[PDB]
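Before any questions on how it binds or moves, here is one chain, the form deposited in one PDB entry, in structure tokens.
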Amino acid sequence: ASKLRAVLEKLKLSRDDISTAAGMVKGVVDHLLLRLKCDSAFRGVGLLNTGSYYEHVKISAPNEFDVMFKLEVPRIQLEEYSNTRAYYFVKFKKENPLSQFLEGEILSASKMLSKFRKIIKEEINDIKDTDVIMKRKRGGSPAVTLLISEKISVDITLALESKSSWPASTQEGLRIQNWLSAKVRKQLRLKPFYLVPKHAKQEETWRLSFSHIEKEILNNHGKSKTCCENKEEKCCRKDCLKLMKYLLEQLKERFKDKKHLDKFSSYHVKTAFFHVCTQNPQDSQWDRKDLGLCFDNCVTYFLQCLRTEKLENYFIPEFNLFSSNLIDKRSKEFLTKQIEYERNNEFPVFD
């Protein structure tokens, strides 16, 4: 359990010490938000969280930022696309707020992004603060990727906010009743959800997003309400997730020449981690003294997901993130052997 401590402490100090990167991001974002609010289609745009500009998915990249701009859409009509459980058409039920994007009753996403990019394109050129350059690599969202200075990069995703109850494909998901209680699940399922532009594999579809729910679970994660509040008796749930995230980043980086790990992301490791939290609901099953063993249960469960080619979306049980149509067995067999090598040789990619 010793070397995992040193890894988590190197990540702690780089995450902690001073950097002007977050300040430059907030300046650019606020300039965009006031510019977008001056427009008819994006007058109600805004951050998901105020103060949360420096959201870091890549846990080893201090200069990579991930922000989400939300947009409230009253009376959303969701039409599931091709039984995909996660991809939806967006239609409308008496105003014309976003009506300048309708094609029929169906809301166009690629057109809303084009107007989203041009307005951001206008505010970027009108910047005298810092060197900011825009990139338009495909994939519906992240819609825009900005670059500030020679290190700071920001991915900006436009998201629609719905406040109706979650789509039916989520009814049997979020199985936290024996871990976080059934009453917390009812509270969380009363919160809004978000839709980002995404293709399953052309059409104008959107994907469900519950990252805000995941963030709230991570900050209130124990079966006991006082979990990790006695800072001398902290569980190792968050440390296991960091170690799982850092393992995949180091493997994706070590094999970026080959293409076998491009389909994998921290969301897969994050999803598998939540499933283990359901399997092991007791805080005693996450004792800080059992860091090595608890981290091994995560590596073990994730390895079984690769072999069986089964990883359920934590909110949508019927969506298999490891479907052979999403990731072929060659890629999953490749990742299975690389982790097994790291596990047996005491994770060399950690020092």
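One rule holds for the numbers: they count along the sequence shown, beginning at 1. Whichever C-alpha set is largest while still superposing within 1.5 Å between the two forms counts as the rigid core.
There is another form of the same protein, the form deposited in another entry; it is not shown, and what comes next is about it.
When the two forms are superposed on their rigid core between the shown form and the other one, the C-alpha shift of 2 Å or more among 287, 55, 296, 318 belongs solely to 55. Core-superposed comparison between the shown form and the other one: the Cα of residue 72 travels less than 2 Å. A displacement of less than 2 angstroms separates the C-alpha positions of residue 183 between the shown form and the other one, with the rigid core held in common. Put the two forms on the same core and the Cα of residue 114 is off by less than 2 Å between the shown form and the other one. Here's the thing about residue 78 and residue 50: their CA atoms end up at least 3 Å closer in the other entry than they are in this form.
A shift of at least 3 angstroms brings the Cα atoms of residue 55 and residue 215 nearer to each other in the other entry than in the displayed structure.
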